[PDB]
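> Below you'll find the structure I mean.
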Amino acid sequence: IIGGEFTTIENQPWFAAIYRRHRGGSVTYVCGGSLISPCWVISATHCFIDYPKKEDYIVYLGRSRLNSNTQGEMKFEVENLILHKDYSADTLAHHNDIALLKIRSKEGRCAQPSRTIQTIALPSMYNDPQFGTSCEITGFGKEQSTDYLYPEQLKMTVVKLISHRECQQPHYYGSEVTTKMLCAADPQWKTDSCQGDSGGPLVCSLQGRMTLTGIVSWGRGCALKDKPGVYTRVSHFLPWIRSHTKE
Amino acid sequence: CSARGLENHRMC
């Protein structure tokens, strides 16, 4: 997250931290995700596509820090890693960038709700906030495009939704953006998602309910003029989510 | 490779 503010998991308790074990034993952060039911985390396919084997991954819930344990956190294996079959990569503009991780502890159990671990509601089909609406994004991604390190403490920021009409302009993204994607940015371009925020939640309040409106997917650079963040539009994948969460 | 879309990729 470029700009924005440090936070703790109490403020985004559906946030899932996803890591990969390397042969040799090294573990590294991969991507964010969102808990949508006790056994299911939703994320982005591009985070996993190069390394699709479920045994490589570890998922934490209730975690506020990247490389330190948070009191009350829970650690899970990935029982199933489901990637979208119509995923594609075109320069950077990923189509159908959505994935499901079925989680299971060493004890064989799913998530247990607490102050630090909660689910996020999904939107109704084709029901998104009006453009110009403010939404939140959360992650452990870079704080500056030039940074090497990820922040050790979770961050969040606010961005505003941008219409497809505006995003499809040539000086924004042209044909790279589809109606299955949502763009969002800051009016001053001073805050944005960045590398390592992929798979994380874009949350908007719709009819008095906090709703998973989008999933961090791609963008050209970060916090650059005329180059918004691009998010998978969750309200266009409800049938896909519903079928695959019975696997 | 320094931005969103290429996390956990074999090239990067």
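FYI, nothing fancy with the structure tokens labels: chains A, B, ... in order, residues from 1 per chain, ligands from 1 as they appear.
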Given only C-alpha atoms, how would the per-residue table for chain B near chain A read, listing every residue at most 6 Å away with its closest atom pair and distance in Å to one decimal, sorted by chain and number, as a Markdown table?


```
| residue | atom | partner | partner_atom | distance |
| --- | --- | --- | --- | --- |
| B:3 | CA | A:195 | CA | 4.3 |
| B:4 | CA | A:195 | CA | 4.6 |
| B:5 | CA | A:218 | CA | 4.8 |
| B:7 | CA | A:47 | CA | 5.6 |
| B:8 | CA | A:47 | CA | 5.7 |
| B:9 | CA | A:50 | CA | 5.6 |
```

> Can you list, as a ChimeraX atom specification, all residues belonging to stretch 155-188 of chain A that DSSP tags as strand (DSSP E)?

/A:155-162,181-185

> Based on the selection just made, write C-alpha atoms of those residues as a short mmCIF file (atom, residue, chain, number, x, y, z; two decimals), in the first residue's frame.


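Done, and the output landed in result19.cif:
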```cif
data_model
loop_
_atom_site.label_atom_id
_atom_site.label_comp_id
_atom_site.auth_asym_id
_atom_site.auth_seq_id
_atom_site.Cartn_x
_atom_site.Cartn_y
_atom_site.Cartn_z
CA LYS A 155 -1.58 -1.28 5.93
CA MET A 156 -4.80 0.09 4.54
CA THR A 157 -5.92 3.00 2.39
CA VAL A 158 -8.95 4.54 0.70
CA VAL A 159 -9.43 4.77 -3.07
CA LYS A 160 -12.40 5.93 -5.19
CA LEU A 161 -14.14 3.78 -7.82
CA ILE A 162 -13.65 4.91 -11.44
CA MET A 181 -12.78 -5.50 -13.81
CA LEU A 182 -13.13 -2.40 -11.61
CA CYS A 183 -10.69 0.52 -11.51
CA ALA A 184 -10.01 2.61 -8.41
CA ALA A 185 -7.60 5.39 -7.53
#
```

> Mind the document's chain letters and residue numbers, and return as number ranges by chain the residues of stretch 1-183 of chain A that DSSP labels helix (DSSP H, G or I).

A: 9-11, 45-47, 54-56, 164-167, 174-176

> Just to be explicit: take each residue in the selection above, keep N, CA and C atoms, and write the result as a short mmCIF file (atom, residue, chain, number, x, y, z; two decimals), in the first residue's frame.


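New file part_38.cif:
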```cif
data_model
loop_
_atom_site.label_atom_id
_atom_site.label_comp_id
_atom_site.auth_asym_id
_atom_site.auth_seq_id
_atom_site.Cartn_x
_atom_site.Cartn_y
_atom_site.Cartn_z
N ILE A 9 -5.14 -6.27 12.46
CA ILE A 9 -6.07 -7.21 11.85
C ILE A 9 -7.51 -7.05 12.36
N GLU A 10 -7.67 -6.47 13.55
CA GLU A 10 -9.00 -6.14 14.08
C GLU A 10 -9.81 -5.25 13.12
N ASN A 11 -9.12 -4.45 12.31
CA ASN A 11 -9.76 -3.54 11.36
C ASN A 11 -10.04 -4.13 9.97
N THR A 45 -5.74 -15.52 -9.11
CA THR A 45 -5.03 -16.63 -9.77
C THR A 45 -3.60 -16.29 -10.10
N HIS A 46 -3.29 -15.03 -10.42
CA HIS A 46 -1.92 -14.75 -10.86
C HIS A 46 -0.92 -14.99 -9.74
N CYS A 47 -1.38 -14.99 -8.48
CA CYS A 47 -0.49 -15.26 -7.35
C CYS A 47 0.03 -16.70 -7.32
N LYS A 54 -0.80 -27.25 -4.24
CA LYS A 54 -1.37 -26.80 -2.98
C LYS A 54 -0.43 -27.00 -1.78
N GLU A 55 0.41 -28.04 -1.82
CA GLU A 55 1.29 -28.34 -0.67
C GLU A 55 2.38 -27.26 -0.41
N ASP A 56 2.59 -26.35 -1.37
CA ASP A 56 3.62 -25.31 -1.24
C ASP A 56 3.18 -24.17 -0.29
N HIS A 164 -16.13 2.54 -15.88
CA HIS A 164 -15.53 1.85 -17.01
C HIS A 164 -15.29 2.82 -18.15
N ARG A 165 -16.19 3.79 -18.31
CA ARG A 165 -16.05 4.83 -19.33
C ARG A 165 -14.73 5.58 -19.20
N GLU A 166 -14.39 5.95 -17.96
CA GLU A 166 -13.17 6.68 -17.70
C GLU A 166 -11.94 5.76 -17.83
N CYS A 167 -12.03 4.53 -17.32
CA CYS A 167 -10.88 3.62 -17.33
C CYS A 167 -10.48 3.17 -18.75
N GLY A 174 -7.22 1.94 -21.92
CA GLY A 174 -7.76 1.47 -23.21
C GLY A 174 -8.51 0.16 -23.06
N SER A 175 -8.29 -0.76 -24.01
CA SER A 175 -8.98 -2.04 -24.06
C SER A 175 -8.46 -3.07 -23.04
N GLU A 176 -7.42 -2.71 -22.28
CA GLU A 176 -6.87 -3.62 -21.26
C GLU A 176 -7.89 -3.92 -20.17
#
```

> Excluding residue A:17 and any residue of its chain fewer than 2 positions from it, enumerate the residues within 8 Å of it, using only C-alpha atoms, and give them as a ChimeraX atom specification.

/A:15,19,29,31-33,59-61,63

> Please produce an output containing C-alpha atoms for each residue in the selection, written as a PDB file, in the first residue's frame.


```pdb
ATOM      1  CA  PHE A  15      -7.730 -10.584   5.717  1.00  0.00           C
ATOM      2  CA  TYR A  19       2.970 -17.623   2.070  1.00  0.00           C
ATOM      3  CA  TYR A  29       5.032 -13.982   1.433  1.00  0.00           C
ATOM      4  CA  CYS A  31      -0.282 -12.551  -1.670  1.00  0.00           C
ATOM      5  CA  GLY A  32      -3.310 -11.443   0.277  1.00  0.00           C
ATOM      6  CA  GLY A  33      -6.728 -13.091   0.355  1.00  0.00           C
ATOM      7  CA  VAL A  59      -2.377 -19.433   5.027  1.00  0.00           C
ATOM      8  CA  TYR A  60      -2.595 -17.344   8.229  1.00  0.00           C
ATOM      9  CA  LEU A  61      -5.719 -15.697   9.635  1.00  0.00           C
ATOM     10  CA  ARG A  63      -2.199 -11.924  11.562  1.00  0.00           C
TER      11      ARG A  63
END
```

> Please identify all polymer residues within 12 Å of stretch 122-135 of chain A, counting only C-alpha atoms, omitting same-chain residues fewer than 4 positions from it, and present them as a count of residues only.

54

> Could you check how far atom CA of residue A:80 sits from atom CA of residue A:246, in Å to one decimal?

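Here the two named atoms are 11.2 Å from each other.
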